[PDB]
Amino acid sequence: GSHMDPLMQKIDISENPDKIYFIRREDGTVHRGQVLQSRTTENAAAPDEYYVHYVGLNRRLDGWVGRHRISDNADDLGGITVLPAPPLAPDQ
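Using this note's numbering, read the sequence shown as starting at 71 and increasing by one per residue.
Right, dumping it as structure tokens:
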């Protein structure tokens, strides 16, 4: 949460627009979605939202989604539409 890495400067679209991005829905069920735009709010030092267009899914569903929801890999999101077992308060 400080100083943007010289590479992790938010996912770049101009490289694979066709590439389908996965987005974890609020309920939890992850679903495909094409990203077209993105904005880092006024602050522009942490905030950032990507416009997602769920493929096949209702157009109304389309909107803005936080970076945390979008990910190139599904496993990170929800392991392919599956809720991960809640941690029993892990601590050494």
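A virtual CB, placed ideally from N, CA and C, is assigned to each residue, including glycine.
{"query": "Coil, strand or helix - residue 106 by DSSP", "result": "strand"}
{"query": "Through-space distance from residue 91 to residue 105, alpha-carbon basis", "result": "7 angstroms"}
{"query": "Bounding residues of the beta strand (DSSP E) (the contiguous stretch that carries residue 136)", "result": "133–136"}
{"query": "Distance between residue 149 and residue 93 (C-alpha atoms, nearest Å)", "result": "11 angstroms"}
{"query": "Range covered by the alpha helix (DSSP H) that runs through residue 116", "result": "Per DSSP, residue 116 belongs to no alpha helix (DSSP H) and is neither H nor E."}
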